[PDB]
Amino acid sequence: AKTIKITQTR
Amino acid sequence: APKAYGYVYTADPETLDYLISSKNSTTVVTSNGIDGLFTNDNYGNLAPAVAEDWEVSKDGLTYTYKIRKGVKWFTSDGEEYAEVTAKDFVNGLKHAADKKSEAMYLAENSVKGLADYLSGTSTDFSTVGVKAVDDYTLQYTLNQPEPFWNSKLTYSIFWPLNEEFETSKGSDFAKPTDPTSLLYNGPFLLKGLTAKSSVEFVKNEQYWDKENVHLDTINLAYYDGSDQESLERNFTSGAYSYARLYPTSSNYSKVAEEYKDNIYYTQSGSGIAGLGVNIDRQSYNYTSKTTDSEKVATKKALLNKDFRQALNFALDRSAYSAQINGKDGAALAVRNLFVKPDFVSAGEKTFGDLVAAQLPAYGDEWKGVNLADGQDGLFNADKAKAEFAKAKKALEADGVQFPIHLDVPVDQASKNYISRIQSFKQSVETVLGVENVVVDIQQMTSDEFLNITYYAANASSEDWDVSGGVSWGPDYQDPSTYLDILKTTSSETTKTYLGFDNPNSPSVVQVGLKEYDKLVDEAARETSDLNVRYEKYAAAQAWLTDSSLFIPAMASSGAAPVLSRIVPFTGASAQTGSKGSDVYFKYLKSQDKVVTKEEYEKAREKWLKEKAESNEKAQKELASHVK
């Protein structure tokens with residue numbers, strides 16, 4: 001799965 | 001109320017179609033409403049979901065699932081629509097094939113006949129190895145044994161879809177602002193979607209397993225990173241159930257003292273964050289370069305392995321991590337391999353151990369490399385300069401003029417993404433010299449950034465030289481889930497991490513990725529001996545590490561300071577797939593008071609002891625399913 005790294009909320 | 005879960009989401013979904021999307025933003029809005037055959041319990045075991053029982057043939061090629069009876073599809077308003085039956089999984093996989101799912105890599109070579117349906121060589125889906133034997137008996141037939149097959153079933157491409165509903169919605173199906181455009185069979189109903197604002201769920205009060213659902217509502221507020229203090233601020237007000245903390249926040253000393261007894265650190269997650277190298281850049285809408293000579297220079301530099309290794313060795317990962325974690329806890333999150341080093345083990349050797357045994361063939365510089373998480377094994381200024389010296393001589397001999405300019409885009413709303421890329425810039429420039437390499441940070445809006453990274457439509461849209469905007473999480477329990485996606489043919493993912501989508505591109509041949517394909521394919525053919533299969537996948541990871549085509553930096557999640565009102569270790573635990581507690585909130589329990597660090601640490605030590613028990617019990621029980 002692709003995920004965005006701009007915010008690391010966990 | 002403790003039963004009102006509140007937190008955040010970071011990107012609006014492009015679609016609600018969970019069968020087609022490979023992006024976490026779709027998982028975030030759908031997993032709580034859509035169950036497949038299995039979920040994960042709080043120890044990480046597969047738990048019966050829509051499948052009440054299962055069996056596998058002696059030769060490992062045929063899996064058969066008994067569908068639990070009385071499981072209903074519901075509208076977003078709680079109207080019963082239809083029974084969930086085996087036909088919904090037949091239709092799910094057919095839809096994934098017809099609409100050309102972004103995640104097809106994990107089914108196309110596994111399910112018998114699917115590759116031929118995908119390409120159109122076979123015209124009838126009845127020739128594909130998924131069958132509704134009857135309404136409550138679902139049978140998959142595979143091309144080879146796959147010990148990790150059942151773990152794929154917690155990923156969304158294997159979720160069911162009611163064909164009647166799908167057809168009735170037509171072109172309005174699964175639209176990303178319309179919760180009425182899906183049906184729900186899971187613990188919650190998706191009730192609201194408002195762009196750049198909120199994602200909303202309510203408890204499915206007719207769910208068969210509602211006894212294990214301990215939240216009445218779920219609300220996710222849009223968070224774009226412009227106000228990182230909002231996470232703790234809304235936790236403390238009681239709005240949020242959880243808060244990831246940023247020790248570089250200007251008010252952090254006050255938070256740390258206030259919650260001294262409550263801040264605890266989570267384990268590093270399984271996904272990889274790092275910087276992809278665009279080996280075939282096409283568009284220059286976001287560049288500081290002004291001449292064609294600069295663009296050719298950068299393109300030749302990125303095809304040079306020594307240049308890429310120079311960037312890889314120049315990155316101070318502790319400093320990078322510290323831009324979101326502060327200096328003290330920065331090391332915890334550092335990662336030196338695309339595949340998490342302990343993702344699998346062969347006997348006593350971790351996957352990282354196997355990679356480290358093979359890497360020194362590529363060069364003495366890899367000798368003694370420490371690939372373990374929690375420490376920077378790759379940062380080495382001397383080796384970075386040595387590698388750049390080799391690259392400088394080769395590139396100067398080809399008429400390249402320095403400095404090499406590298407465009408790195410940033411979402412200008414995410415302050416700590418800018419800070420991370422600023423730390424990459426300072427690393428590369430301080431170690432290699434601005435006379436040699438210049439990192440040009442391209443600031444743009446959130447939507448502009450999404451359209452050249454996360455949601456880029458094609459390789460042409462990958463408007464960057466190096467980018468860390470998109471991570472990768474594993475979809476199932478085998479190294480192929482990390483490594484297959486970088487094969488020259490996996491064009492859905494090669495554009496995102498490597499900037500290309502043409503498998504026969506001259507850039508692709510130049511960097512030797514056809515050799516990587518052969519290593520990956522040779523590992524994939526090992527189904528008899530898991531130890532040998534993992535050794536062979538480690539040969540592919542070894543090539544990838546040496547290639548420096550992706551620069552690993554840190555775990556994409558976890559290894560972070562947090563505050564919580566969630567009862568520790570009540571949530572689903574999942575190393576892979578779409579049923580972990582990051583997106584799926586069954587089992588999870590909430591409490592009144594803030595968890596203390598002592599409460600968390602005690603629960604963790606007790607959980608680790610129970611987990612080893614439960615996991616071994618689960619493994620011993622597998623033989624009971626061979627029929």
# chains A, B, ... in the order shown; residues from 1 in each chain; ligands from 1
call {"tool": "residues_around", "arguments": {"residues": "region 221-226 of chain B", "least_positions_apart": "6", "cutoff": "12 Å", "atoms": "only C-alpha atoms", "output": "mmCIF file with C-alpha atoms, in the first residue's frame"}}
result
data_model
loop_
_atom_site.group_PDB
_atom_site.id
_atom_site.type_symbol
_atom_site.label_atom_id
_atom_site.label_comp_id
_atom_site.auth_asym_id
_atom_site.auth_seq_id
_atom_site.Cartn_x
_atom_site.Cartn_y
_atom_site.Cartn_z
ATOM 1 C CA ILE A 4 1.748 9.795 2.146
ATOM 2 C CA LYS A 5 4.708 10.785 4.422
ATOM 3 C CA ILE A 6 4.073 14.554 4.550
ATOM 4 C CA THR A 7 2.362 14.116 7.975
ATOM 5 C CA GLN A 8 3.346 11.190 10.287
ATOM 6 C CA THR A 9 0.278 11.033 12.529
ATOM 7 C CA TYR B 5 -13.216 7.838 18.832
ATOM 8 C CA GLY B 6 -11.619 11.014 17.515
ATOM 9 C CA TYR B 7 -8.445 11.533 15.500
ATOM 10 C CA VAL B 8 -7.264 12.741 12.074
ATOM 11 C CA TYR B 9 -6.747 11.767 8.456
ATOM 12 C CA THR B 10 -4.234 13.322 6.113
ATOM 13 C CA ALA B 11 -5.508 13.006 2.523
ATOM 14 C CA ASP B 12 -8.935 12.895 0.945
ATOM 15 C CA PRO B 13 -9.447 9.598 -0.923
ATOM 16 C CA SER B 25 -6.328 7.032 1.866
ATOM 17 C CA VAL B 29 -12.196 5.478 4.806
ATOM 18 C CA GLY B 192 -19.958 11.202 6.213
ATOM 19 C CA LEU B 193 -17.249 12.416 3.841
ATOM 20 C CA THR B 194 -16.455 16.116 3.533
ATOM 21 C CA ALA B 195 -13.431 17.184 1.510
ATOM 22 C CA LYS B 196 -10.601 18.722 3.521
ATOM 23 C CA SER B 197 -12.760 18.402 6.636
ATOM 24 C CA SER B 198 -13.944 15.068 8.000
ATOM 25 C CA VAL B 199 -14.469 11.309 7.711
ATOM 26 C CA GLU B 200 -17.296 9.977 9.899
ATOM 27 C CA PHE B 201 -18.454 6.498 10.991
ATOM 28 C CA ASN B 234 -7.312 18.476 20.676
ATOM 29 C CA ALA B 239 -11.709 15.862 21.228
ATOM 30 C CA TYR B 240 -9.044 13.348 20.172
ATOM 31 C CA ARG B 244 1.202 11.733 18.036
ATOM 32 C CA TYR B 246 6.353 16.286 17.783
ATOM 33 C CA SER B 249 6.973 21.805 18.420
ATOM 34 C CA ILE B 324 9.773 15.082 13.609
ATOM 35 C CA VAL B 410 7.572 19.743 -0.568
ATOM 36 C CA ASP B 411 3.967 20.297 0.495
ATOM 37 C CA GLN B 412 4.313 23.780 1.867
ATOM 38 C CA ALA B 413 1.557 23.109 4.421
ATOM 39 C CA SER B 414 3.539 20.349 6.198
ATOM 40 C CA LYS B 415 6.104 22.210 8.288
ATOM 41 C CA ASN B 416 7.916 19.083 9.426
ATOM 42 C CA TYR B 417 8.078 17.602 5.938
ATOM 43 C CA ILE B 418 9.818 20.808 4.850
ATOM 44 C CA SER B 419 12.134 20.421 7.849
ATOM 45 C CA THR B 445 0.455 23.624 -2.468
ATOM 46 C CA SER B 446 -0.883 20.421 -0.932
ATOM 47 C CA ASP B 447 -2.901 19.622 -4.061
ATOM 48 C CA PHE B 449 2.236 18.066 -4.304
ATOM 49 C CA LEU B 450 -0.329 15.231 -4.277
#
call {"tool": "residues_around", "arguments": {"residues": "residue 10 (chain A)", "least_positions_apart": "2", "cutoff": "9 Å", "atoms": "only C-alpha atoms", "output": "number ranges by chain"}}
result
A: 7-8; B: 243-244, 266, 556-560, 562, 582
call {"tool": "write_last_selection", "arguments": {"atoms": "N, CA and C atoms", "output": "short mmCIF file (atom, residue, chain, number, x, y, z; two decimals), in the first residue's frame"}}
result
data_model
loop_
_atom_site.label_atom_id
_atom_site.label_comp_id
_atom_site.auth_asym_id
_atom_site.auth_seq_id
_atom_site.Cartn_x
_atom_site.Cartn_y
_atom_site.Cartn_z
N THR A 7 2.68 14.06 6.53
CA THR A 7 2.36 14.12 7.97
C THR A 7 2.50 12.69 8.53
N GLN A 8 3.20 12.49 9.64
CA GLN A 8 3.35 11.19 10.29
C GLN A 8 2.51 11.22 11.56
N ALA B 243 -2.88 11.14 20.38
CA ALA B 243 -2.11 12.24 19.79
C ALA B 243 -0.68 11.80 19.56
N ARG B 244 -0.22 11.84 18.31
CA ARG B 244 1.20 11.73 18.04
C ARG B 244 1.88 13.06 18.35
N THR B 266 5.98 4.17 20.75
CA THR B 266 5.46 3.01 20.05
C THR B 266 6.60 2.32 19.30
N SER B 556 7.93 4.12 8.42
CA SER B 556 6.93 5.08 7.99
C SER B 556 5.91 5.38 9.07
N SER B 557 5.92 4.61 10.16
CA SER B 557 5.00 4.82 11.27
C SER B 557 5.65 4.26 12.52
N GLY B 558 5.08 4.62 13.67
CA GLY B 558 5.62 4.11 14.91
C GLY B 558 6.90 4.82 15.28
N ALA B 559 7.57 4.28 16.30
CA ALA B 559 8.82 4.84 16.82
C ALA B 559 8.65 6.33 17.13
N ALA B 560 7.54 6.65 17.79
CA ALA B 560 7.12 8.02 18.00
C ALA B 560 6.60 8.20 19.42
N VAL B 562 3.77 9.43 21.94
CA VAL B 562 2.32 9.56 21.80
C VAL B 562 1.67 9.71 23.16
N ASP B 582 -4.29 0.86 12.89
CA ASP B 582 -4.11 2.18 12.30
C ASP B 582 -5.32 2.61 11.47
#
